[PDB]
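K.L.:
Attaching a single structure in structure tokens format; questions to follow.
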Amino acid sequence: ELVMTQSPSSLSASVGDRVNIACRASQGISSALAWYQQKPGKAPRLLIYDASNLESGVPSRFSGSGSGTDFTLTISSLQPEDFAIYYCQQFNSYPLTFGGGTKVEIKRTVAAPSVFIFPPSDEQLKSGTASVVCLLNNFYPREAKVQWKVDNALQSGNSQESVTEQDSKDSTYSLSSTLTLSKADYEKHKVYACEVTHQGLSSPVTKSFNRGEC
Amino acid sequence: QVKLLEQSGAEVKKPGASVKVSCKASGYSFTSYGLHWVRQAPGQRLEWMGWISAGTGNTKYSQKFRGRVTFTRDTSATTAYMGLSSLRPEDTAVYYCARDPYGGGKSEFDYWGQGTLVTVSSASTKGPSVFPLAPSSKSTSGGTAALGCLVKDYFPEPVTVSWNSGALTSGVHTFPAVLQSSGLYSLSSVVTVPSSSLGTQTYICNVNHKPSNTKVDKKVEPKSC
């Protein structure tokens with residue numbers, strides 16, 4: 001096979017910046033290069049075919065160049081909706097082959113999270129388990145720390161996290177931490193708290209509730 | 001229109017079985033183009049598997065799949081299919097059909113189908129439990145509140161979550177599922193909302209786990225008395 005190598009793997013840039021992604025063919029392919037855009041969790045979309053032709057409906061800020069072995073895709077003024085993984089494919093030879101991807105993430109100003117905590121539902125404690133969720137909504141940069149404390153500093157190590165991809169509108173992330181304990185373990189303790197540390201906050205934030213609600 | 005290329009649903013197949021994925025063409029002349037078949041394994045690059053002319057029925061494929069891939073098209077039903085035999089764990093991937101603009105085999109691909117996830121596993125299919133993440137326990141003060149649905153202990157991916165049957169789409173955050181130590185998945189979906197509506201509005205999450213044929217619509221009501 002003809003190997004397609006992209007460079008870099010990742011970039012972060014601000015909006016308005018010009019970005020250039022390279023793709024090398026391990027040997028000459030003339031102009032038989034296409035470029036795709038894939039938003040996380042979606043089918044890839046054609047931007048450019050024959051190294052430089054824009055597909056109908058693609059924004060004029062996308063352009064491509066190269067012939068032979070070296071190709072460049074340029075986004076001349078990066079916009080938030082350009083967050084995506086970008087692939088080059090050759091179609092000069094069979095097997096048709098893709099490059100490894102260049103993820104482009106958008107840089108922006110820090111945004112402090114909104115924090116929410118949710119107790120186990122009733123019908124969940126009916127099945128003998130209790131999931132407690134802490135939500136950090138809409139923040140930038142992605143690095144944040146969530147600490148669980150049950151009966152004040154008895155802070156735990158039995159949670160899982162999930163972070164969404166960058167939003168194409170405002171460039172933020174959201175995150176959830178789920179603490180799971182058995183109905184008996186939950187019915188034993190009374191103060192459940194989520195403590196958050198992130199750059200945009202002036203102090204660690206805590207959202208707590210008492211096992212009992214009202 | 002329906003889509004333009006549309007594919008069949010996600011499937012779990014045991015190692016050693018076979019999977020058949022379809023791809024129905026609507027709104028263009030089916031026999032004037034070729035269709036390519038591409039897969040993407042988790043965290044990997046796209047891998048070309050083969051092509052079928054919808055006019056002649058002729059086939060080209062990657063010798064990586066020599067002996068275990070077949071391509072067929074039903075010209076009357078305007079559907080093409082790919083058969084993949086002797087399924088190994090490493091065939092867990094999203095399978096796309098994509099169109100060849102020119103019908104010759106070697107091309108860029110201008111329309112893609114949406115993908116069907118084939119998971120190769122011996123674990124049984126398990127449909128989810130949806131539990132409400134009820135807004136507040138009287139929190140309020142500021143302006144926005146959040147509410148959601150916890151979709152606990154299903155297998156395999158995917159699960160589809162909608163809010164008020166699709167009419168509420170702003171501010172929805174459906175998180176990537178996490179695989180638990182038992183092998184089952186969990187996911188949350190939340191919406192951030194003006195609390196001023198918490199008493200006038202009814203929020204329903206609409207969970208669909210097509211591999212188990214489970215449909216669930218749950219009302220998220222405030223943690224109320």
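Sequential numbering from 1, following the chain as shown.
Method of determination (from the header): X-ray crystallography, 2.0 Å.
Just so it is clear, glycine is given a Cβ too, placed from its N, Cα and C backbone atoms.
Just lifted these from Swiss-Prot, have a look:
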- B:123-220: region 'CH1' (REGION)
- B:123-143: region 'Disordered' (REGION)
- B:128-221: domain 'Ig-like 1' (DOMAIN)
- B:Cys149-B:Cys205: disulfide bond (DISULFID)
K.L.:
Please list, for the region 'Disordered' (B:123-143), how many residues fall into helix, strand and coil according to DSSP.
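P.N.:
Output for the region 'Disordered' (B:123-143) reads 0 helix, 6 strand, 15 coil.
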K.L.:
Report, as a single number, how many Cβ atoms besides its own are within 10 Å of the Cβ of B:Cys149 (disulfide bond).
P.N.:
28
K.L.:
Around the Cβ of B:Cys205 (disulfide bond), how many other Cβ atoms lie within 10 Å? Please give the count over every shown protein chain.
P.N.:
28
